[PDB]
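These notes are about the structure you will find just below.
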Amino acid sequence: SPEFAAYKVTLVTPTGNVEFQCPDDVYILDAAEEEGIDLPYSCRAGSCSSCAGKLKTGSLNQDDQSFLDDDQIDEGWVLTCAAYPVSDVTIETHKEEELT
Ligand code: FES
């Protein structure tokens, strides 16, 4: 497997869709911000609802998140501040209200 890689992230946001390359060692949130995208957050530590999204295709590593339970992870919930892509992914953002 490659020492380093980047994956195509498609974010489906309330103001439109955007795509960018995310390094496999950068969280979705941080990579979005580098591209000038404003995404919701507060704690940036994987322990709250602020940065919630829904995974629509592809795979994430969310080992660094703790607030979502195993059923919520199975349902496709994502804490964008604590998730790394391991494939190209599509995430629908700004989902805190739906999650909670
Ligand atoms: S901003 Fe709190 S879990 Fe992501």
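Read the figures in this text as sums done on the coordinates, not as results from a lab. Here the Cβ positions follow ideal geometry from the backbone for every residue, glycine too, while neighbour counts run over all protein chains shown.
Pairs are defined by a Cβ separation below 6 Å, a sequence spacing of at least 6 or placement on different chains, a first member in segment 76-87 that is on the phi > 0 side of the Ramachandran plot and surrounded by fewer than 24 Cβ atoms within 10 Å (Cβ to Cβ), and a second member that is assigned to a strand (DSSP E or B) and charged (D, E, K, R); the pairs so defined are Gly76/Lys54. Take segment 5-45 and flag every residue that is loosely packed, with under 14 Cβ neighbours inside 10 Å and either touching a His at 6+ places or on another chain (Cβ under 7 Å) or under 15 Å from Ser87 (Cβ atoms) (or both). Hits for segment 5-45 are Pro14, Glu19, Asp25. If you go through segment 57-100 and keep only what is charged (D, E, K, R), farther than 23 Å from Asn17 by Cα, within 16 Å of the ligand (Cβ to nearest atom) and out of contact with any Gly (no Cβ under 6 Å at 6 or more places or on another chain), you end up with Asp63, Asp69. If the condition is being polar (S, T, N, Q) and surrounded by fewer than 17 Cβ atoms within 10 Å (Cβ to Cβ), then segment 51-65 contributes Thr57, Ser59, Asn61. Inside segment 60-100, can you point out the residues that are hydroxyl-bearing (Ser, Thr, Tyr) and over 10 Å from the mean Cα position of the chain (by Cα)? Result: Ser66, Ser87, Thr100.
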